[PDB]
Amino acid sequence: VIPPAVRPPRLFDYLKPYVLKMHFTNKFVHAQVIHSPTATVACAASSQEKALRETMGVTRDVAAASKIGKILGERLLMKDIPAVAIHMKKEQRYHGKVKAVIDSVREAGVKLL
Amino acid sequence: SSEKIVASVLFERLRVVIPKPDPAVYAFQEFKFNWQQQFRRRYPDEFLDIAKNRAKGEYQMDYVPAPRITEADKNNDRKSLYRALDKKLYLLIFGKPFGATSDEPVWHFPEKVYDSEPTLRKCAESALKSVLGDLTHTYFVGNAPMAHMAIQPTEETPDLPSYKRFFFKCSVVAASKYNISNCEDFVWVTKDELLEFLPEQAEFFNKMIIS
Amino acid sequence: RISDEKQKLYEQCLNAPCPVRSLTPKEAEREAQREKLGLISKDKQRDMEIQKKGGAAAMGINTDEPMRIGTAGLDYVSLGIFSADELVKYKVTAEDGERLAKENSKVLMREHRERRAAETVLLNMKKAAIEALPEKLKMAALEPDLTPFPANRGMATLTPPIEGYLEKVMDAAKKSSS
Amino acid sequence: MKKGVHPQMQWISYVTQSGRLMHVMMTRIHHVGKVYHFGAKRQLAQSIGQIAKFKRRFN
Amino acid sequence: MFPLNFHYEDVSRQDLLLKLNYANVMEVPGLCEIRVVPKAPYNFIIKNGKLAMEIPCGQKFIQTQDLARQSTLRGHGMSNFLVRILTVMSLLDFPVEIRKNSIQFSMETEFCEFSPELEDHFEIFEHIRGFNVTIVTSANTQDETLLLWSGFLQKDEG
RNA sequence: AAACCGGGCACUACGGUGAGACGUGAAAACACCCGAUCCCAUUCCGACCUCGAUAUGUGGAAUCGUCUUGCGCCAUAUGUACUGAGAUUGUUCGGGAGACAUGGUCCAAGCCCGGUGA
Ligand SMILES: [Mg+2]
């Protein structure tokens, strides 16, 4: 079948302008928080960064995803962003690296919307 | 002008036995067998007793596997296709090749100078036939050369004309002995021993020959 | 006639138990809730029948002495492939399994990449040798060689041929045929 | 591979017509693994023709 | 380690690279999977027919809706099953047919009669029509499949 | 630093979706090549997905570029069909397709991370 175009969820009562999106490659893990009204990155954490690619041994596994999630949660609380909304792609489930990033963000003290 | 194409034969005996694997690979395979047995269905003893109840003794003949290290390996017996079973062997002949550096014999492959034949594979087959006598236990691999060498005259040998030497591959099929003629001497050597025999051409044959 | 006892034995083979019962964590909590309610599954009852007379050790599973690859008297140490001191020592545990699996992945990837690099270099030199030919000979050499592989060529195995083995078997077959 | 679903395996040995020893796996249907030898029993079948029958009969 | 995969990597791949025109080494075909299905009329009910498929495959078949049965072998199970098939093929002249990318083979009860490990427990394989064995290769041409099958089928008599 | 390159998000049918041919793997990136011990995948199967593992192999599959095009899509006729008002039993004043036909597949373009430039 022809795949339908993916739409953001429809607004019901409130805006919720901060959206968390995750990306994983063969070498690095990524996590971007997007400000939807301006299409700008409010906060981002990845193991490809110059300050982070040497402070951890493995930059591609589940442990790296957990570390990047904790770093992103601390950075989000530093920018006074109390809560984010989770966006999963077509192939992403609540398992493995996605689960590690989500659990580390929630454990850092950021509410999930 | 530039002519006299030379066709060479890389005559090959494949590995007789599998080489020793890496110890971690063997350890993981043995662990993978033993670990998966815990989660696999164990057939009852009565089904095995179909074979056990008629597991009948005989006059009995015990099998002894042949050792991987042969007497040719222990004696370092060259000209033998029964040594270095986990490695590959290559045929070198001792005589005068197409090059004219001197009138002294040197180790080389079976060559023949191309004159008028339709293919270079025919020239390589004629070169091999002139050495082993017949192509009964030989198998040529591919109509194309596996590699080539362009030999140009340098500042110290201006008498040698320019020519190209083309290498063809041939496999030993089943014969463990060959009648080698039209040469003074011959050996069966591994890749490392052939590189040691050819110290000036080792950088080319290290790429031409996959270890 | 056709034995119903033999069919029952084959059914017992098809529904044979395992030395240890593995449960999905979704199913493990369901089994725990069934235990809380007082309900016992048939497989749980069979597993408890196994555990009261032993367990994995009574069903040919032990950790400290793993089964070797091959039959008795013909293992890799006995065939001369491996020495005893150069064998990696392990136990049948998941902790050793992680180590062995990671090292196996590293070694296999390295060996595979070495083989592929060597094949790529050989293919490039084959193309260079093809392009350095006269036009008639280049056209002749560019044709595919569809000649089948010789069946008389062998396949490398753990043990070489015995010198007086194939000749004896072929002579016996030829004498029995005539 | 799902756990608790497949039969147990067994290591057996194969010996070819030249004496080469090979280890393969097998579904566990014996108590211990055994060595199996392969003969040359290719079992080709020949039928005597009508002309051959006539020659062996009346010549 | 195992002789079939080592034979493919050490002998057949380099010969196929030298014999055929390939742009890169990842165009060389290999073995993908082995599919085993029983021949069309069978009982579907007797435990004999189920155990006659479980034992030579080494893994459990899938039984869909009770109209179809199939076993798909990959990896080391495929190589183990294939070397077991190829060794018994030295005992007779079993016919195979070469598709565009597949090698179809009929595993009759005569094949199970000549398996040395299945000489005993032969009451399992009696009154069974047999199985269809499909060997799938990653070849784009029938000639490549024929060359690969000729490379894998090796015997000491010749 | 100001441009360029790679990836992620965003924009979007002139920007979509196919086909063919030619290229490209930058000291980097993406993917594949390799494995199935744990998580996960299979009403059988590492096929898919997943977890692992890659001093440097490959761009075969996908992913990037360039052209050629097919459907679409956008723009635009000319005429006609049909039609609103109005009775010289519609001699008037307006609207105007579908199918054709002609062209185009633009221009502009945001944020973050990494690399080269620095
Ligand atoms: Mg129109």
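Labels below follow one simple rule: chain letters A, B, ... track the order of the sequence lines, proteins then strands, and each chain is numbered from 1.
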Practice task
Using only heavy-atom distances, decide whether a donor-acceptor pair under 3.5 angstrom links the side-chain of A:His95 to the base of F:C40.
Solution key: no

Problem - Six-membered ring stacking of F:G84 and F:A85, under 5.5 Å, under 30° - result: yes

Practice task
Answer yes if F:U80 and F:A53 form a Watson-Crick or G-U wobble pair with both distances under 3.5 Å, and no otherwise.
Solution key: no

Completion exercise
Between E:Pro29 and E:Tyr8, the two heavy atoms sitting closest are O-OH, 2.8 Å

Problem - base_contact_polar (F:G52 base, C:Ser105 side chain, donor-acceptor, <3.5 Å) - result: yes

Fill in the blank from the handout: Heavy-atom nearest nucleotide on RNA chain F taken for C:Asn104 and for E:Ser71; more 5' hit belongs to C:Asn104

Practice task
Examine F:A85 and F:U92 and say if both key distances are under 3.5 Å for a Watson-Crick or a G-U wobble pair.
Solution key: yes

Problem - First encountered from the 5' end of RNA chain F, between E:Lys60 and C:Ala101 - result: C:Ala101

Practice task
Specify whether both conditions hold for F:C48 and F:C49: six-membered ring centres separated by under 5.5 Å, and ring planes at an angle under 30°.
Solution key: yes

Handout entry: Stacked pair F:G90-F:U91 by ring centres under 5.5 Å and planes under 30°
Key = no

Practice task
Check whether the side chain of A:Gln32 and the base of F:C9 form a donor-acceptor pair under 3.5 Å.
Solution key: no

Handout entry: Near-parallel close bases F:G18 and F:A19 (centres under 5.5 Å, planes under 30°)
Key = yes

Practice task
Test if F:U58 is paired with F:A75, treating Watson-Crick and G-U wobble as valid and requiring both distances under 3.5 Å.
Solution key: no

Practice task
Determine, using purine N1 to pyrimidine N3 plus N6-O4 or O6-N4 for Watson-Crick, or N1-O2 and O6-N3 for G-U wobble, whether F:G46 and F:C40 pair with both distances under 3.5 Å.
Solution key: yes

Handout entry: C1'-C2'-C3'-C4' sign verdict for the sugar of F:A41, north or south
Key = north

Problem - Donor/acceptor link under 3.5 angstrom from C:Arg113 side chain onto base of F:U54 - result: yes

Handout entry: Given the sign of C1'-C2'-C3'-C4', the sugar pucker at F:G25
Key = south

Exercise for the section: Enter syn or anti for the glycosidic conformation of F:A109, syn applying to angles within 90° of 0. Expected result: anti

Exercise for the section: Test for a donor-acceptor pair under 3.5 Å between the base of F:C44 and the side chain of E:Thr72, counting only N and O atoms. Expected result: yes

